[PDB]
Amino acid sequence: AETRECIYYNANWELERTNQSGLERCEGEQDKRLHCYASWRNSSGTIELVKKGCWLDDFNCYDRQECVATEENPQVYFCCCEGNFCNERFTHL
């Protein structure tokens, strides 16, 4: 069974009673791909990290080693990828 680990981050760790950052071991169903993701806000050029973690099999993340947002100008950016800790760094485009 393929293993996957992602960077974990939660800006609302407090109100959610969770760690703020760390590592997350992903668990997937059989034959299902495993991904990581990052989400953040970009207000006034200042990047505000919202969440990072594991993400279930989703074709939008297939075979991407880099985590790149695929939405022009959203209020909340998102990217996902397929590789261990591939959400460590992220960019827009």
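The numbering used is simple: start at 1 and walk along the sequence shown.
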query	finding
Stretch exceeding the other in mean C-alpha B-factor - 50 to 58, 23 to 31	23 to 31
Residue 75 - Cα temperature factor, lowest/middle/highest third of chain	highest
Residue 10 - Cα temperature factor, lowest/middle/highest third of chain	middle
B-factor third for the C-alpha atom of residue 92 within its chain	highest
